[PDB]
Amino acid sequence: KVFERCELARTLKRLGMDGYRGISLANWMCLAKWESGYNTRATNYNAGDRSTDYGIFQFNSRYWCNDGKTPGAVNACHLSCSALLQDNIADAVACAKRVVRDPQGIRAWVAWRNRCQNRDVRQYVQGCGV
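What counts and what doesn't
Residues numbered from 1 in each chain as written, not as in the entry; some residues may be left out. Heavy atoms only, no water. Axes fitted to C-alpha atoms, helices over the stretch in contact; angles between N-to-C directions. Helix = DSSP H or I, 4+ residues; strand = E, 2+ residues; numbered from the N terminus. Parallel < 35°, antiparallel > 145°, perpendicular 65-115°, else oblique. Left-handed = near helix turned anticlockwise from the far one by under 90°. Contact = heavy atoms within 4.5 Å. Buried < 20%, exposed > 50% of the residue type's maximum accessible area, 1.4 Å probe, protein only.

Deposited coordinates in this entry are attributed by the record to X-ray crystallography, at a stated resolution of 1.8 Å.

S.K.: Pulling in residues and values, what's your account of the packing of helix 1 (residues 5-14) against helix 2 (residues 25-36)?
M.R.: Where helix 1 meets helix 2, the axes come as close as 10 Å, and the angle between the chain directions of the two elements is 130 degrees. One finds that helix 1 runs oblique with respect to helix 2. Note that helix 1 runs across helix 2; the crossing there is right-handed. In this structure, helix 1 uses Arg5, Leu8, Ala9, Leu12 and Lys13 to contact helix 2, whose residues at the interface are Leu25, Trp28, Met29 and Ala32.

S.K.: Give a detailed account of helix 1, specifying residues and quantitative values.
M.R.: Among the residues of helix 1, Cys6, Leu8, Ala9, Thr11 and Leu12 are the ones counted as buried. In this structure, the buried residues of helix 1 make contact with helix 2 and helix 3 (90-100). Downstream of helix 1 by a residue or two, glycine 16 has a phi angle that is positive, lying close to 75 degrees.

So this is what it looks like as structure tokens:
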């Protein structure tokens, strides 16, 4: 599913993402935007290390989910990577919450640093009623 901006904003708020571990909703929106364009079935194979990024937040198979073909991988979210490709984003949100519970927080995603950090990210939630 490809979410419309405000539809996603409202969904993330209902799932308790606003302010989770000090991260505002606009930051989560900025992250999903640059990671997948709000596309839940987005996948990306990293040929250099044999891992794949899955879903709306592009979780890497080496650390967050199990796909069975990634060498030396762990499954911190205790989910099949298939769960991160559903139209329903409940599992993806639960895993995102797990990721930020680590010390790096939202910085775990390099894309956030390049495109969201220290920027005016208000535009991502503007007019969504959140």
